[PDB]
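Structure data follow from input_28.txt (compact mmCIF, C-alpha atoms (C1' of nucleotides)):
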# COMPACT_ATOMS: atom_id res chain seq x y z
CA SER A 137 -58.79 63.81 -18.03
CA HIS A 138 -57.27 67.05 -19.31
CA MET A 139 -55.78 66.18 -22.71
CA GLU A 140 -58.67 63.79 -23.32
CA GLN A 141 -61.27 66.55 -23.17
CA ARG A 142 -59.18 69.13 -25.06
CA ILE A 143 -58.75 66.67 -27.92
CA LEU A 144 -62.45 65.77 -27.88
CA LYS A 145 -63.79 69.33 -27.93
CA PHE A 146 -61.35 70.23 -30.71
CA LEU A 147 -62.63 67.43 -32.94
CA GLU A 148 -66.24 68.52 -32.43
CA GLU A 149 -65.28 72.01 -33.61
CA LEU A 150 -63.96 70.46 -36.82
CA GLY A 151 -66.99 68.48 -37.98
CA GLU A 152 -68.56 65.04 -37.67
CA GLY A 153 -66.91 63.24 -40.58
CA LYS A 154 -63.87 65.48 -40.11
CA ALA A 155 -60.61 63.96 -38.88
CA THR A 156 -57.16 65.33 -38.07
CA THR A 157 -53.58 64.15 -37.53
CA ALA A 158 -51.71 63.96 -34.23
CA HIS A 159 -48.99 66.37 -35.36
CA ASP A 160 -51.71 68.86 -36.24
CA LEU A 161 -53.16 68.68 -32.73
CA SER A 162 -49.64 68.85 -31.30
CA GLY A 163 -49.25 72.36 -32.70
CA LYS A 164 -52.91 73.28 -32.31
CA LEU A 165 -52.63 72.65 -28.56
CA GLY A 166 -48.92 73.26 -28.00
CA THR A 167 -48.40 69.82 -26.49
CA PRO A 168 -45.71 67.29 -27.53
CA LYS A 169 -46.80 64.83 -30.24
CA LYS A 170 -45.52 61.79 -28.35
CA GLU A 171 -48.05 62.91 -25.74
CA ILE A 172 -50.92 63.52 -28.16
CA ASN A 173 -50.56 60.02 -29.62
CA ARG A 174 -50.43 58.57 -26.10
CA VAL A 175 -53.79 60.18 -25.29
CA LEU A 176 -55.13 59.46 -28.78
CA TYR A 177 -54.48 55.73 -28.60
CA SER A 178 -55.71 55.75 -25.00
CA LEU A 179 -59.01 57.31 -26.04
CA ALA A 180 -59.18 54.49 -28.58
CA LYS A 181 -58.89 51.96 -25.73
CA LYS A 182 -62.06 53.52 -24.31
CA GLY A 183 -64.12 53.59 -27.50
CA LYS A 184 -64.25 57.39 -27.45
CA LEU A 185 -61.97 57.82 -30.46
CA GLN A 186 -61.82 56.08 -33.83
CA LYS A 187 -58.54 55.64 -35.69
CA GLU A 188 -58.38 55.47 -39.48
CA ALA A 189 -55.36 54.08 -41.32
CA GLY A 190 -52.74 56.19 -43.14
CA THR A 191 -49.35 57.81 -42.71
CA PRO A 192 -49.91 59.69 -40.59
CA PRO A 193 -53.06 58.09 -39.10
CA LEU A 194 -56.27 60.15 -38.99
CA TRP A 195 -58.43 60.64 -35.91
CA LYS A 196 -62.18 61.24 -35.52
CA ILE A 197 -65.10 60.21 -33.29
CA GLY B 136 -50.67 80.98 -62.14
CA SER B 137 -50.07 77.23 -62.13
CA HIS B 138 -52.30 74.71 -60.35
CA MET B 139 -50.17 74.53 -57.22
CA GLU B 140 -50.03 78.31 -56.86
CA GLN B 141 -53.77 78.88 -57.05
CA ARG B 142 -54.36 75.98 -54.66
CA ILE B 143 -51.92 77.28 -52.04
CA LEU B 144 -53.28 80.81 -52.48
CA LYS B 145 -56.96 80.04 -51.89
CA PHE B 146 -55.89 77.94 -48.92
CA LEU B 147 -53.98 80.72 -47.13
CA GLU B 148 -56.75 83.21 -47.90
CA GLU B 149 -59.36 81.03 -46.20
CA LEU B 150 -57.53 81.35 -42.88
CA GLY B 151 -58.18 85.02 -42.15
CA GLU B 152 -55.94 88.06 -42.47
CA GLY B 153 -52.89 87.84 -40.23
CA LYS B 154 -52.82 84.05 -40.26
CA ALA B 155 -50.00 81.69 -41.25
CA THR B 156 -49.08 78.04 -41.89
CA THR B 157 -46.17 75.82 -42.90
CA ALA B 158 -45.07 73.83 -45.94
CA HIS B 159 -45.52 70.60 -43.97
CA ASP B 160 -49.14 71.52 -43.27
CA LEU B 161 -49.76 72.39 -46.93
CA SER B 162 -48.00 69.20 -48.03
CA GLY B 163 -50.52 67.17 -46.06
CA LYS B 164 -53.67 69.08 -46.96
CA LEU B 165 -52.82 69.20 -50.66
CA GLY B 166 -51.51 65.65 -50.86
CA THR B 167 -48.29 66.95 -52.38
CA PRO B 168 -44.66 66.30 -51.40
CA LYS B 169 -43.12 69.06 -49.27
CA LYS B 170 -40.24 69.76 -51.68
CA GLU B 171 -42.80 70.78 -54.30
CA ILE B 172 -44.76 72.93 -51.86
CA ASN B 173 -41.55 74.74 -50.93
CA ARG B 174 -40.71 75.17 -54.62
CA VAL B 175 -43.94 77.10 -55.11
CA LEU B 176 -43.90 78.87 -51.74
CA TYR B 177 -40.53 80.51 -52.38
CA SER B 178 -41.60 81.22 -55.96
CA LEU B 179 -44.71 83.03 -54.76
CA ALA B 180 -42.58 85.06 -52.37
CA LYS B 181 -40.51 86.07 -55.41
CA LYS B 182 -43.67 87.50 -56.95
CA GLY B 183 -44.64 89.43 -53.83
CA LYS B 184 -47.76 87.32 -53.43
CA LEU B 185 -46.49 85.49 -50.34
CA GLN B 186 -44.66 86.66 -47.22
CA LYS B 187 -42.45 84.44 -45.05
CA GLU B 188 -41.60 84.91 -41.37
CA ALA B 189 -38.55 83.25 -39.82
CA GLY B 190 -38.66 80.04 -37.84
CA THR B 191 -37.88 76.35 -38.06
CA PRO B 192 -39.93 75.51 -39.94
CA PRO B 193 -40.64 78.88 -41.64
CA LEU B 194 -44.19 80.25 -41.54
CA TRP B 195 -46.13 81.44 -44.59
CA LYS B 196 -48.89 84.01 -45.11
CA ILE B 197 -50.37 86.35 -47.71
CA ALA B 198 -48.16 89.33 -48.62
CA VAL B 199 -49.38 92.71 -47.38
CA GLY C 136 -21.93 59.15 -26.95
CA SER C 137 -18.45 57.97 -27.91
CA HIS C 138 -18.37 56.82 -24.29
CA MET C 139 -21.25 54.39 -24.78
CA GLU C 140 -19.86 53.54 -28.20
CA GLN C 141 -16.84 52.12 -26.37
CA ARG C 142 -18.68 50.47 -23.47
CA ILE C 143 -20.80 48.63 -26.02
CA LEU C 144 -18.01 47.90 -28.51
CA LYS C 145 -15.94 46.53 -25.63
CA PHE C 146 -18.85 44.46 -24.35
CA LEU C 147 -19.33 43.15 -27.89
CA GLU C 148 -15.66 42.23 -28.15
CA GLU C 149 -15.72 39.87 -25.17
CA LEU C 150 -18.87 38.40 -26.68
CA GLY C 151 -16.50 36.66 -29.08
CA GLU C 152 -16.58 36.55 -32.86
CA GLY C 153 -19.89 36.24 -34.68
CA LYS C 154 -21.81 36.26 -31.41
CA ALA C 155 -24.55 38.87 -31.48
CA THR C 156 -26.56 40.21 -28.56
CA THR C 157 -29.75 42.22 -28.14
CA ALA C 158 -30.39 45.80 -27.05
CA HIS C 159 -32.33 44.56 -24.04
CA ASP C 160 -29.33 42.52 -22.87
CA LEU C 161 -26.99 45.53 -23.17
CA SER C 162 -29.50 47.66 -21.26
CA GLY C 163 -29.00 45.43 -18.24
CA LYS C 164 -25.26 44.79 -18.42
CA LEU C 165 -24.57 48.51 -18.85
CA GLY C 166 -27.28 49.85 -16.55
CA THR C 167 -28.39 52.16 -19.35
CA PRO C 168 -31.92 52.85 -20.72
CA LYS C 169 -32.74 50.63 -23.71
CA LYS C 170 -33.57 53.79 -25.69
CA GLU C 171 -30.08 55.28 -25.31
CA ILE C 172 -28.70 51.81 -26.03
CA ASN C 173 -30.63 51.66 -29.31
CA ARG C 174 -29.75 55.25 -30.24
CA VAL C 175 -26.07 54.32 -30.12
CA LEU C 176 -26.58 50.93 -31.76
CA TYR C 177 -28.25 52.29 -34.88
CA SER C 178 -25.79 55.20 -34.88
CA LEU C 179 -22.82 52.82 -34.83
CA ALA C 180 -24.37 50.70 -37.56
CA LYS C 181 -24.41 53.83 -39.70
CA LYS C 182 -20.74 54.35 -38.87
CA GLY C 183 -20.08 50.92 -40.38
CA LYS C 184 -18.77 49.93 -36.95
CA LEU C 185 -21.76 47.74 -36.09
CA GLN C 186 -23.72 45.17 -38.08
CA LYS C 187 -27.38 44.35 -37.39
CA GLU C 188 -29.17 41.07 -38.06
CA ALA C 189 -32.91 40.58 -38.53
CA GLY C 190 -35.16 39.27 -35.77
CA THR C 191 -37.37 40.35 -32.90
CA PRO C 192 -35.50 41.65 -31.10
CA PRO C 193 -32.69 42.46 -33.60
CA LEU C 194 -29.21 41.06 -32.92
CA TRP C 195 -26.01 43.12 -32.88
CA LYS C 196 -22.38 42.25 -33.61
CA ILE C 197 -19.09 43.87 -34.58
CA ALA C 198 -19.22 44.83 -38.27
CA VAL C 199 -17.36 43.27 -41.22
CA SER D 137 -19.22 52.08 -49.13
CA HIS D 138 -18.65 51.40 -52.82
CA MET D 139 -18.32 55.17 -53.16
CA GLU D 140 -16.39 55.62 -49.91
CA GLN D 141 -13.44 53.68 -51.32
CA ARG D 142 -13.36 55.69 -54.55
CA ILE D 143 -13.43 58.99 -52.66
CA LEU D 144 -10.86 57.84 -50.10
CA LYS D 145 -8.36 56.55 -52.66
CA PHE D 146 -8.71 59.88 -54.46
CA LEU D 147 -8.04 61.85 -51.27
CA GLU D 148 -5.11 59.50 -50.73
CA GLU D 149 -3.82 60.24 -54.22
CA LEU D 150 -4.51 63.91 -53.54
CA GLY D 151 -2.27 64.37 -50.51
CA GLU D 152 -2.05 64.46 -46.73
CA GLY D 153 -2.29 68.20 -46.14
CA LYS D 154 -4.53 68.63 -49.17
CA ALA D 155 -8.26 69.35 -49.43
CA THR D 156 -10.72 69.30 -52.32
CA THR D 157 -14.39 70.24 -52.67
CA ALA D 158 -17.48 68.06 -53.12
CA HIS D 159 -18.25 69.93 -56.32
CA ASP D 160 -14.86 68.77 -57.60
CA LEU D 161 -15.08 65.12 -56.53
CA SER D 162 -18.46 65.10 -58.27
CA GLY D 163 -16.77 66.06 -61.53
CA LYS D 164 -13.75 63.77 -61.34
CA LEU D 165 -15.72 60.66 -60.38
CA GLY D 166 -18.82 61.35 -62.46
CA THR D 167 -21.11 61.12 -59.44
CA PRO D 168 -24.06 63.44 -58.74
CA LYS D 169 -22.88 65.99 -56.17
CA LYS D 170 -25.60 64.95 -53.70
CA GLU D 171 -24.09 61.46 -53.50
CA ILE D 172 -20.58 62.79 -53.04
CA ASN D 173 -21.70 64.94 -50.11
CA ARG D 174 -23.95 62.18 -48.81
CA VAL D 175 -20.86 60.01 -48.48
CA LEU D 176 -18.56 62.87 -47.43
CA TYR D 177 -20.57 63.72 -44.33
CA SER D 178 -21.04 60.01 -43.66
CA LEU D 179 -17.29 59.42 -43.76
CA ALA D 180 -16.96 62.38 -41.41
CA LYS D 181 -19.31 60.44 -39.13
CA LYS D 182 -16.88 57.52 -39.08
CA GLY D 183 -13.83 59.66 -38.32
CA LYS D 184 -12.32 58.75 -41.69
CA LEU D 185 -12.77 62.23 -43.16
CA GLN D 186 -12.13 65.69 -41.77
CA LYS D 187 -14.13 68.75 -42.82
CA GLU D 188 -12.76 72.28 -42.64
CA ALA D 189 -15.00 75.33 -43.04
CA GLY D 190 -15.50 77.36 -46.20
CA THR D 191 -18.09 77.95 -48.91
CA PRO D 192 -17.85 75.42 -50.31
CA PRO D 193 -16.43 73.27 -47.46
CA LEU D 194 -13.06 71.54 -47.99
CA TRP D 195 -12.40 67.84 -47.40
CA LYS D 196 -9.29 65.84 -46.48
CA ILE D 197 -8.41 62.47 -44.94
CA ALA D 198 -8.39 62.32 -41.13
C1' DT E 1 -22.65 84.80 -47.68
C1' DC E 2 -25.50 78.35 -53.20
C1' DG E 3 -23.33 76.61 -47.55
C1' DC E 4 -27.19 71.54 -48.88
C1' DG E 5 -25.49 66.36 -46.32
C1' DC E 6 -31.96 66.01 -45.84
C1' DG E 7 -34.03 59.78 -46.32
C1' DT E 8 -38.54 58.72 -43.42
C1' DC E 9 -41.07 58.94 -39.18
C1' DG E 10 -45.76 54.93 -39.31
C1' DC E 11 -44.08 54.86 -33.12
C1' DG E 12 -49.42 53.66 -30.06
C1' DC E 13 -44.72 50.30 -26.71
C1' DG E 14 -46.69 49.78 -20.82
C1' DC F 1 -45.76 39.16 -36.18
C1' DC F 2 -42.68 44.99 -29.51
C1' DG F 3 -39.73 45.13 -34.57
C1' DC F 4 -39.21 51.50 -31.96
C1' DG F 5 -33.60 53.83 -33.48
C1' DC F 6 -37.48 58.96 -33.77
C1' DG F 7 -33.88 63.92 -33.11
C1' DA F 8 -31.25 67.24 -35.78
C1' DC F 9 -34.24 69.64 -40.59
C1' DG F 10 -34.20 75.85 -41.40
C1' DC F 11 -33.41 73.23 -47.70
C1' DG F 12 -36.38 76.37 -51.73
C1' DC F 13 -30.89 75.08 -55.32
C1' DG F 14 -31.98 75.33 -61.34

Hey, can you dump this file as structure tokens for me?
Amino acid sequence: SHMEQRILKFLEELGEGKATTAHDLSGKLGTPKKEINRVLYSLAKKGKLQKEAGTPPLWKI
Amino acid sequence: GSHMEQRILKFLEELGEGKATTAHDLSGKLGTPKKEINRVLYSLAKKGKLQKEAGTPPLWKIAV
Amino acid sequence: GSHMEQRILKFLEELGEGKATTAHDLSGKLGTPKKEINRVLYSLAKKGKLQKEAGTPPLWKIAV
Amino acid sequence: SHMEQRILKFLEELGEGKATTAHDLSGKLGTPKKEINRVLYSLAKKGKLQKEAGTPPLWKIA
DNA sequence: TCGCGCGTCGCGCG
DNA sequence: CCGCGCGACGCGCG
């Protein structure tokens, strides 16, 4: 998918143990946050992304 | 100056030259409430160290 | 807006006294998206016009 | 709500065509101004209070 | 033209 | 124990 790959490549250009927030990616890609989270949690359903607790939640691998 | 000032200053510097960011962003990356960040941000602008461009939210960068 | 506020308040009136209904129910009866239904519900609660009871889903009744 | 009554009764005692400021209500009632305003704008939500422009804004009963 | 109310928001939910 | 309202907000204020 489109958002899926954008979000993946971005994370790789951040680091391995590095994680970011949805809101961050929302402004770093100019796409609505409700949308980022939708694709974030979706990528989780595929084992491509790992979510780590917090408010807001953090996203990596 | 204080701890918060130095912290925010080194942060903005390590972004480039004509780069900017928001209080919200700093609040998250410094693990500090946003009211405090804004307290220091506007204070630094009063010392000519920081420059603020309009917007909602406002953007912040090093003063030229 | 204050249109829905009436459609709902009126629907809640006929519901009797002390009888609470859900947002999902209203969504059907009023042919309105649950989201807009909830927006107005929580808004009215703030206006002290509506009272909300715990549960899943939450129940809604005329306040006081 | 506990505050809403206090503020209302005061604006009732004030007068119909009369308007006071949040900064004043804060002083009379001994309530931090933030709370006064917090309630003021809330009461304006419920159509109980009417706000008319100015710096500071003026407040009266609907 | 100090006006200020302002809290959190975590939300992924189909 | 799907609960979801969620956007307004720019706020720094002594």

Point (-24.0, 45.2, -31.8) neighbourhood (7 Å, only C-alpha atoms (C1' of nucleotides)) written as a VMD selection string: chain C and resid 147 155 to 156 176 185 to 187 194 to 197

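Here chain B was fitted onto chain C over its full set of C-alpha atoms, and the resulting RMSD is 0.9 Å.
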
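As for atom CA of residue C:158 and atom CA of residue C:183, they are spaced 17.6 Å apart.
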
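Counting only C-alpha atoms (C1' of nucleotides), the residue from B:181, B:164, B:142, B:174 that sits nearest to chain F is B:174.
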
For stretch 8-12 of chain F, please output as a ChimeraX atom specification all residues within 7 Å (counting only C-alpha atoms (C1' of nucleotides); exclusion window: fewer than 5 positions along the same chain). /B:173-174,177,191-192 /E:4,6

Contact check, chain D to chain E, at most 7 Å, counting all atoms listed in the file, closest pairs as CSV:
residue,atom,partner,partner_atom,distance
D:173,CA,E:5,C1',5.5
D:174,CA,E:5,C1',5.1
D:177,CA,E:5,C1',5.9
D:191,CA,E:3,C1',5.6
D:192,CA,E:3,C1',6.3

Give me the residues within 10 Å of residue D:142 as a compact mmCIF listing (two decimals) with C-alpha atoms, in the coordinates of the input, counting only C-alpha atoms (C1' of nucleotides) and dropping any in the same chain fewer than 6 places off.
# COMPACT_ATOMS: atom_id res chain seq x y z
CA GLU D 148 -5.11 59.50 -50.73
CA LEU D 161 -15.08 65.12 -56.53
CA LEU D 165 -15.72 60.66 -60.38

Can I get the residues of chain B within 12 Å of chain A, each with the closest pair of atoms and their distance in Å to one decimal, using all atoms listed in the file, sorted chain first then ascending number, as a tab-separated table?
residue	atom	partner	partner_atom	distance
B:156	CA	A:163	CA	10.8
B:157	CA	A:160	CA	11.1
B:159	CA	A:160	CA	10.1
B:160	CA	A:160	CA	7.9
B:161	CA	A:160	CA	11.4
B:163	CA	A:192	CA	9.3
B:164	CA	A:156	CA	10.3
B:166	CA	A:191	CA	11.5

Please identify all polymer residues within 8 Å of residue D:158, counting all atoms listed in the file, omitting same-chain residues fewer than 6 positions from it, and present them as a PyMOL selection string. chain D and resi 169+172-173+176+192-195

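For the set A:139, A:155, A:161, A:144, the residue with the smallest atom-to-atom gap to residue A:184 is A:144, counting only C-alpha atoms.
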
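We find atom CA of residue A:193 and atom CA of residue C:169 to be spaced 26.6 Å apart.
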
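If you look at atom CA of residue A:151 and atom CA of residue B:168, they are 26.1 Å away from each other.
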